[PDB]
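Student: so I pulled this structure from the PDB, and the sequence comes with it:
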Amino acid sequence: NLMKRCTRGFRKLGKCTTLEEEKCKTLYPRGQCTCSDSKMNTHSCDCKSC
């Protein structure tokens, strides 16, 4: 278990943008993966606590 594929090096954009949530979904077949952002214009995935 553990270690999935959270982000492909942190490179998503558009405040939890669709293309971002899609990046994590279409590319990563996880159950705990999705769109994750802090408070900027760029964010990434969080399928794995990284």
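Tutor: Looks like it came in fine. Numbering: from 1, shown residues only.
Student: kindly tell me how buried the nearest residue to residue 21 once chain neighbours are set aside is, as a neighbour count.
Tutor: Spatial nearest neighbour of residue 21, excluding adjacent residues (Cβ to Cβ, 6 or more residues apart in numbering): residue 35 at 3.8 Å. Yep, even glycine has a C-beta here, placed from its N, CA and C like the rest. By the measure other Cβ atoms under 10 Å, the count of residues near residue 35 is 21.
Student: next: the one 10 residues further on.
Tutor: When neighbours are counted by other Cβ under 10 Å, residue 45 registers 27.
Student: kindly report the same for the one 4 residues further on.
Tutor: The tally of other residues near residue 49 (other Cβ under 10 Å) stands at 9.
Student: hang on, it in a strand?
Tutor: No: assigned with DSSP: H, G, I helix; E, B strand; the rest coil, residue 49 falls outside any strand and is coil.
Student: so what's it up against?
Tutor: Counting by Cβ atoms under 8 Å, 6 or more residues apart in numbering, residue 49 touches residue 6.
Student: and what of residue 2?
Tutor: Residue 2 neighbours (Cβ under 8 Å, 6+ apart): residue 48.
Student: repeat that for 6 Å
Tutor: Not one residue lies near residue 2 by Cβ atoms under 6 Å, 6 or more residues apart in numbering.
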